[PDB]
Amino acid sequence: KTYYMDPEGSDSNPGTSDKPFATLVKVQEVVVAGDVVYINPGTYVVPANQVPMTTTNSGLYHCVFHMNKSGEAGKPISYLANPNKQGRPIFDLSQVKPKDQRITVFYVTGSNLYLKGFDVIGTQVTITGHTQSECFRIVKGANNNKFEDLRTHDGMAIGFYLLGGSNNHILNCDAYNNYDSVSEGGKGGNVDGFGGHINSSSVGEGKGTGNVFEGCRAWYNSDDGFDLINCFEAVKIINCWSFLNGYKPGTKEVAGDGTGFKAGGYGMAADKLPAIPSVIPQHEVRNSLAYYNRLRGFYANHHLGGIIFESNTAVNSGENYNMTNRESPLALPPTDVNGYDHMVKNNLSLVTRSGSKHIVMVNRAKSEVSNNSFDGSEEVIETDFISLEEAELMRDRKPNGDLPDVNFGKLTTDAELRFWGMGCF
């Protein structure tokens, strides 16, 4: 019941400790509910000519791994970095460059799956126009899953991209240094760290609800860190950090929208009314940190209703809090109005950077806006913080995947009294 795989392994082997597998394709040929797969640490380079497991959207996508099989309730399938060995499994996909096809590395339709402790790097984009690739894409039917301590970095693909599925828990994952340098002149406008976009086909309790990002970090993603546009059920972002998004990796060169948390929206299309859910979901961002994104930190992103921004810290992220909503009902032309039905509470905002701002575009008559540092009588300053050394945010996680201890953006005990019960620490 416990299978093994290894970069110096063979798919002709039975998949034991002494003689392990070599690819997840063979793994998907055997597994059933309850079984474990220990993925031994090292670099697995996916061959250039490895046939896809499936395709979607009429051959628009090469799907490298179809995570199609399911566990049962209390009996999951578990794909796990081998916990008896140091280091991490790394799937390299630099070589996978199929002709005129988008790439999904993990395409998830199965339920009760548990994926932990490995990396996906080098995911390609070869298409020239409006395109994207994804490391993980999750759709209608993929329920009750867990993705933990998975790192999606140093490629061109979106980290995690949700079009459907229920109660998926994305825990302690990192999505960084991702940038599409090939398509549309290298804008990188489609490459987010984390993307919650539960489509019209996947609504209903048990079908699109209860998806949560938690403990995740998103940095140097060319577009946004986290994005919940075109999201029909409520997604929650808890205890996450989004920083240095909107830039080409390792620089302050302009790429995409550079939002830390784009926590709603259905677009401001001038030509047509966008499709929307009948109940506008109250998304939540909570106990989360935004720092030095290109343009904005915590952003309602033209949402058609309420959002919770509770107990977040925001530092030098352009517009740190922006609550801009689209007017209701849907109307052309698309007109922006002061944010309505929001819960904005217990947040902290440091602005020392040229052009940045504490809050914009909220209606205090129509939203609950209480106990935020930017509304207090005393302005927040650099001395109030124990550290502001940004390299501490890129510290390697604890051995069990939890976010590392950081002094960054944490108040001093003196400052904690003058800003009490404010911020994500």
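Residue indices: 1-based, along the sequence shown.
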The stretch carrying the higher mean Cα B factor in the deposited entry, 209 to 217 or 180 to 188, is 180 to 188
Comparing mean C-alpha B factor in the record for 236 to 244 and 123 to 131, the higher one is 123 to 131
In terms of CA temperature factor as recorded, identify the highest of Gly204, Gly256, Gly196, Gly159.
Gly204
Considering only modelled residues of the same chain, in which third does the CA B-factor of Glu319 rank: lowest, middle or highest?
lowest
Lowest, middle or highest third: where is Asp92 by Cα B-factor in its chain?
middle
By its CA B factor, does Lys262 count among the lowest, middle or highest third of the modelled residues in the chain?
lowest
Modelled-residue ranking by C-alpha temperature factor, third containing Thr109:
middle
Is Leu228 in the lowest, middle or highest third of its chain when residues are ranked by C-alpha B-factor?
lowest
